[PDB]
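J.: Here is the sequence, then the experimental structure:
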Amino acid sequence: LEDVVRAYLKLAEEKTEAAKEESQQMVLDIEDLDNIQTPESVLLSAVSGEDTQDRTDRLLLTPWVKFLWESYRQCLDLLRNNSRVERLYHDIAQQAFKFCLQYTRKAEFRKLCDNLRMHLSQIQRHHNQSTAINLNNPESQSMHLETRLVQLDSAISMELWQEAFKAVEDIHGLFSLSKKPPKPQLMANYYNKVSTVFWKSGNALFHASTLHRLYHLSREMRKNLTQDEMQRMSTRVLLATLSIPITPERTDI
Amino acid sequence: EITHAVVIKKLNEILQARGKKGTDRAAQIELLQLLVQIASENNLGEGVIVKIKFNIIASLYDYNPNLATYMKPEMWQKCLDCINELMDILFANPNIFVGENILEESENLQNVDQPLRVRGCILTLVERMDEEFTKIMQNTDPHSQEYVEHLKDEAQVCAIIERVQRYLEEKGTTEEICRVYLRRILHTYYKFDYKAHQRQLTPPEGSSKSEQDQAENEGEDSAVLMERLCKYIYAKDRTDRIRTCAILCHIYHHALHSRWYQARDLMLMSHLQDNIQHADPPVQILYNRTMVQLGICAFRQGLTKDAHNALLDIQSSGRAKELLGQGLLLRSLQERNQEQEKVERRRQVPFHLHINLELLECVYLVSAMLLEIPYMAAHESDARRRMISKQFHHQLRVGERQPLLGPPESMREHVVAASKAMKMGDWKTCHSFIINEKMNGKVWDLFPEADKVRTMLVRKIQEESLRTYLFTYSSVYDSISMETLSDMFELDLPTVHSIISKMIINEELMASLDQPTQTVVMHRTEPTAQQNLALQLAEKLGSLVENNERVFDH
RNA sequence: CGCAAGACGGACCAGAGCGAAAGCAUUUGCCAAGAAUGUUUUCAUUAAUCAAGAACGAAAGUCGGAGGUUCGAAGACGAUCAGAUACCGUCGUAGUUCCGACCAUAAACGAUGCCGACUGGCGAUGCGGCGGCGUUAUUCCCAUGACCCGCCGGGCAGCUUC
């Protein structure tokens, strides 16, 4: 299954690669090909239209994209929304994220929704020879970090935000139902990432707070991580300061 | 091959089995072609092939298994070639060639009914063909492209309808042709600033002075001409369903090509609010459609008020969707049933007649913005009793109550973004959404008058932001360098005079205003007043409701 | 393995269809004909049955031409039998086939005249029309196709009973 389904999604990815280039070099140059003045009927629809490249890339690329998306949705999803072992799921998720980033973004809503639903079915399902949750932080931590990085960057990439919010909510829920273990690495990683992604959107207040949180994490990780670097400490203190002095009052209009 | 009797009778016997289950249905066309390419004689005519030519371009119709469909573009071009040839035969010639006897040659079709609506069987065709093109511009799809050769057939049918216009012997000139004219104005009406100002702003002393250039400058007149003309050629029918249809298309021309005054006049004269009730459900869509473009050209002339009231009636509802024939059965829960919403899909509408709804949205939400942010600035300086729901107040409120907004990435959020900037009273925040979201969003990029409407937006923001600033700050003042306000909000003293003058008169402020010295002296207190006037109101509200509780009781 | 001649339309082919009866199965086209059903079209009693008289009418047979593979009266042989001019085996003429004239007969049998009215039940089948919860074909979608259910005509038949 690993060899077959990897080779399937790999064959579909190359058909879309060829389909874009094809449409984006031959047909895209056929489009705006030649002059660019007076379209006879191109100016009239200029009151509610777009460019010629999107207008004819929809004819020769949208197919590939759509197909790939559908496959990813029904593939691992409609064939492996859980089960026992076999990660590959991480790779699938990564691919989906990349696709969303590149092609259409709406896919994020669908993919995200599906993921959440699946997580709910299991977390609030528990009824099958599936994964015997208990102390198996391997797969757990794995999927966790995976979705995290994927969600974080994803949202903080296509200018999404609700998606990022959903991701954070999910992570919080996991921590709640996954607080039975002490705590492994990655923690610091995610913390820093989030604080950063925040910074602006929210006030440098909560952002600076998260920054100080990551700074404190650098202490624990230090005693356990061990980082012999002064520059690091300097940068940390700097980030702390800023995030702090920034706003002395909010304008609650 | 022998005197136009065998020929004619076989005409009969081919135009007979026209309908039934055994048609072959395409080699009747073929066989009409095999009485023409083997029709190579003389006088007799050039002459009477015209009519056969009708019937046979009518083969170039009827092949088609029904009325819902759209016409293999090769079939489409063959149609064209036929019709075009059957302009040839019917300029050159003039005898009218299913009647008016001459010397003879060579007929008989006086004897059936009238030469003449079988003469008038060329307008029929061409209207049909308009309609077939229209059926085209539905099944081809959409942002992209078969699309352009089809647009080109569209050019060519423009051609045809133009042609079907100058000719007119009709019965002579005026007195019914008007419907050619109708088609022609249906293909003049939804066109553009650039082609109402190729006469005026493709430079009129830089353009050619050649009869042809006048035919161009008259071509821009020629539709708003046929208004003045063909009112009487209809002028003459009172039928509410064509009256209420025609005038809605006329009000369109005005506001876009010319004065919004004439547009404002024409609907206000007509009073078609009553008349649309008598009208059938296409003209309902026209009524909605015309209301759009007037609230548009309200905002383009720069009037917040009229653009508000115009675009209000649409934005009370979420039906512009279903009115433009786009609505699902479920897109909330409301929009049943299946077989009935298809009527809208069959009747409505080409893609080249649409407008962006985010445009319509933003243009409405921005018009209201300049009215309501001073209004609420005034209100929260305790002028509140004028607080009105189900308005831009609500539409701003739903977007306001997001805990989580950082940078705006939706057109709603860009309106919310500029709204917050207007509250703070910094010009700066207006410019954000007016530049960036209008590039996103291409709210800006659909008008040559965005250049104008920029200036109209800007100075209003600078004046009303000054006003929102003043509604709060005027407790803090003891006096004002009025010169500062001019410099700071980027305004000039003549206007800032007139502004501050209007303000202190009508907003009923307790400022004393030295206009020659350019000074205000105010000293209007008190910060505790915000509580005191509030409990004074809370008090005063007591007795007033209480008198109703009395008058009910007794 | 190839060629020629003449004959013949298997299985599919059925208490199935069409024709007044005798009869009628390879493909495709042409020529004229007919039943049933549909119809708020036309005519207005124009009908039913039939001496005289008329058309068609299996197979065999006769006359004149063509053809003659196959089968085969007659005939010549071989057996079986007391006898065996037979049943059975071999050969074989007329005939069997086609074209043009005759012949008018059959268990030409449903052994059951034709036209009309009335009087049980039930399930099928061929054809037309109409009504319908649905699957199914295609172009993605009520063109008209196939399958399912019910109803109305007229047709070949069957089952059931104080």
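T.: Nice, I can see it. Numbers count the residues shown, from 1 in each chain, chains lettered A, B, ... in the order given.
J.: for residue 95, what are its contacts?
T.: In the absence of a named chain, this looks at chain A. Residue A:95 makes contacts with A:9, A:13, A:72, as judged by C-beta atoms under 8 Å, 6 or more residues apart in numbering or on different chains. (Each C-beta comes from the backbone N, C-alpha and C, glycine too.)
J.: You answered for a different chain; I wanted chain B.
T.: Residue B:95 makes contact with B:47, B:102 under the criterion C-beta under 8 Å, 6+ apart.
J.: how close does it sit to residue B:103?
T.: Per C-beta to C-beta, to the nearest Å, residue B:95 is found 10 Å from residue B:103.
J.: same deal with residue B:143?
T.: With C-beta to C-beta as the criterion, residue B:143 and residue B:103 are 60 Å apart.
J.: okay, the two: which has more neighbours?
T.: Per other C-beta atoms under 10 Å in any protein chain shown, whichever of residue B:143 and residue B:103 has more neighbours is residue B:143, with 15 against 5.
J.: which residue does the stretch 101-250 of chain A bring closest to chain B?
T.: Nearest residue of the stretch 101-250 of chain A to chain B: residue A:201, at 2.8 Å (C-beta to the nearest C-beta).
J.: who touches that residue in this structure?
T.: Counting by C-beta under 8 Å, 6+ apart, residue A:201 has contacts A:161, B:404, B:405, B:406, B:407.
J.: Please repeat the previous calculation with a cut-off of 10 Å.
T.: Applying C-beta atoms under 10 Å, 6 or more residues apart in numbering or on different chains, we find residue A:201 in contact with A:156, A:161, A:164, A:207, B:404, B:405, B:406, B:407.
J.: downstream neighbour of the longest helix along chain A in the secondary structure list?
T.: For chain A, the helix with the greatest residue count under DSSP state H is helix A:204-225. Per DSSP states H and E, the first helix or strand lying C-terminal to helix A:204-225 is helix A:230-243.
J.: Buried residues of that next one, list them for me.
T.: Buried residues in helix A:230-243, counted by 16 or more other C-beta atoms under 10 Å in any protein chain shown: A:236, A:239, A:243.
J.: could I get these as TSV with distance to residue B:311?
T.: As requested, the buried residues of helix A:230-243 are exported to TSV (distance: C-beta to C-beta, whole Å):
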residue	distance to residue B:311
A:236	53
A:239	47
A:243	44
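J.: Can you get me the start-to-end distance on stretch B:428-442?
T.: 20 Å (C-alpha to C-alpha, to the nearest Å).
J.: Tell me how far it lies from the chain's centre.
T.: Mean C-alpha position of stretch B:428-442 versus that of the full chain (C-alpha atoms, centre = their mean, to the nearest Å) differs by 25 Å.
J.: So which bits of that stretch are buried?
T.: Across stretch B:428-442, burial judged by 16+ other C-beta under 10 Å covers B:429, B:430, B:431, B:433, B:434, B:437, B:438, B:440, B:441, B:442.
J.: Against residue B:56, how distant is the second one?
T.: In this structure, residue B:430 and residue B:56 are 65 Å apart, going by C-beta to C-beta.
J.: now the spatially closest residue to residue B:393 that is not a sequence neighbour: how far from chain A?
T.: Nearest non-adjacent residue to residue B:393, counting by C-beta to C-beta, 6 or more residues apart in numbering or on different chains: residue B:372, 6.5 Å away. Distance, residue B:372 to chain A, using C-beta to the nearest C-beta, to the nearest Å: 14 Å.
J.: after the host helix or strand of residue B:372 comes which helix or strand?
T.: Per DSSP H and E: residue B:372 is located in helix B:357-379. Next along the chain after helix B:357-379, taking DSSP H and E as the criterion, comes helix B:392-400.
J.: So which elements touch that next one?
T.: Using 3 or more C-beta pairs under 10 Å, 6 or more residues apart in numbering or on different chains; DSSP states H and E, the elements in contact with helix B:392-400 are helix B:304-315, helix B:357-379, helix B:411-424.
J.: Nearest to residue A:53, out of those helices?
T.: helix B:357-379 (21.8 Å; C-beta to C-beta).
J.: Pull out the buried positions in the closest one.
T.: Per 16+ other C-beta under 10 Å, helix B:357-379 contains these buried residues: B:357-378.
J.: quick check: angle from the helix holding residue B:372 to helix B:392-400?
T.: 100 degrees (axes from the mean of the first three to the mean of the last three C-alpha atoms, to 10 degrees).
J.: quick one, phi/psi of the residue lying farthest from the centre of chain A?
T.: Taking C-alpha atoms, centre = their mean, the residue of chain A most remote from its mean C-alpha position is residue A:40, at 43.5 Å. Main-chain dihedrals, residue A:40, degrees, to the nearest 10: phi 80, psi -40.
J.: Which residues are in contact with it?
T.: Contacts of residue A:40 (C-beta under 10 Å, 6+ apart): B:148, B:151, B:152, B:154, B:155.
J.: Would you map the helices across the stretch 451-554 of chain B?
T.: Using DSSP state H, counting those that start in this stretch, the helices of the stretch 451-554 of chain B run over B:482-488, B:493-506, B:529-553.
J.: Also the stretch 101-250 of chain A?
T.: A:107-123, A:137-155, A:162-177, A:187-198, A:204-225, A:230-243.
J.: okay, the angle between the shortest one and helix A:204-225?
T.: Just to be clear, that refers to helix A:187-198. Put simply, helix A:187-198 runs at 160 degrees to helix A:204-225, going by the same axes, to 10 degrees.
J.: Can you give me the buried ones in helix A:187-198?
T.: Buried residues in helix A:187-198, defined by neighbour count with 16+ other C-beta under 10 Å: A:187, A:188, A:190, A:191, A:192, A:193, A:194, A:195, A:196, A:197, A:198.
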